[PDB]
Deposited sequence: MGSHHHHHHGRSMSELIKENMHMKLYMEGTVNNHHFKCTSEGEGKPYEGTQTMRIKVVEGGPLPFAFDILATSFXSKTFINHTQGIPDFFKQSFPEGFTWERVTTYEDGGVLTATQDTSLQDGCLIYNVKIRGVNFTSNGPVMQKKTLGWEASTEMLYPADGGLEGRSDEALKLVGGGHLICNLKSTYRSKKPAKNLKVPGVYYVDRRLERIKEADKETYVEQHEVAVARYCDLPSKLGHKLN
C-alpha cells in the first residue's frame, strides 16, 4: 500500500519563540501501524535555543498512530494528497505556542513542513530558564468538526525539583483528499507517550521517540 509497515520521514521547521527566530530539520523512521516512531532532530539556525526544546516536542506525526478497533484512520486515509494540522498550546503560566503544519508524501517518504510562533514565555519561567524534563504520557480526545477533525488534550511538562507545568492543546486536522471519499470516525481517544531519547550540545541535536494508540472507551455502559 501507500502507507507501508515501515516509513521514513523528513521534516523542516521554522519559527520564532519570544522573538528568537530559529530553524530545524529532522529525519525519522517508524512503524505506522505499530504506532511507534523515532526522530533525529537538528537545530540548523538560531542555535543554541534560549528555551526548552520540550515546547517544540509535539510539533515534530499523526500517520504513526495505531488505529485499532476498526477505528477509521482519518490520517492514513487521506493519502496520497495528505493532510494539514494546526494547534494552539496554552501554557498555564503565560506562554502560548501556535503551530501550523503540512504533511505530504514524496518518493515513499513522509514530508513535514512546520511553522511555529511562541509568545509570552515569562523570562524567569521554567521554559526560558530551561528547567523542564520531558512530557508525561497523555490522552487526546478526537471528535468530528466542520468536515475536519478536532483534538483536545491537557499535557504535563515535568519540572526540575519535581512538580509539573500544564498546558492545554486545541488541535484541528483537515484532509487534502476530496471530502466525499474518506470516512470520519465518531468520538475517540489517542493515548501517547513522547520521550526524549538523546540530546547533544545543549539541545542542538535531539532524538525523540513516540508510541501512540487509538481506542474507543473500553468501559462498560448503561446506555
{"property": "Regions of the deposited sequence not represented in the model", "result": "1 to 14, 75, 239 to 243"}
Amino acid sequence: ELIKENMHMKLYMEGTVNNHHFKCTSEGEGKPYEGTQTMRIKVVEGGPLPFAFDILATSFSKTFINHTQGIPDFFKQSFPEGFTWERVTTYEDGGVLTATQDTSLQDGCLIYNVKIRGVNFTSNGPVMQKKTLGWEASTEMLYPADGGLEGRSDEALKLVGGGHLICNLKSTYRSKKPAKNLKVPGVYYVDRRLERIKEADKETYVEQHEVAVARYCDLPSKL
From here on, numbers count along this sequence of modelled residues.
{"query": "Mean Cα B-factor comparison, 29 to 37 or 151 to 159, giving the higher one as deposited", "finding": "29 to 37"}
{"query": "Entry-level comparison of average CA B-factors, 164 to 172 and 43 to 51, reporting the higher stretch", "finding": "43 to 51"}
{"query": "Of the residues 126, 95, 134, 80, the one carrying the largest Cα B-factor as recorded", "finding": "80"}
{"query": "Selection from 141, 145, 114, 88 [criterion: highest C-alpha temperature factor in the record]", "finding": "145"}
{"query": "CA B-factor placement of residue 208, once the chain's modelled residues are sorted into thirds", "finding": "lowest"}
{"query": "Lowest, middle or highest third - CA B-factor, residue 100", "finding": "lowest"}
{"query": "CA B-factor ranking of residue 190, expressed as a third of its chain", "finding": "lowest"}
{"query": "Residue 57 - Cα temperature factor, lowest/middle/highest third of chain", "finding": "lowest"}
{"query": "Relative C-alpha B-factor of residue 120, binned into the chain's lowest, middle or highest third", "finding": "middle"}
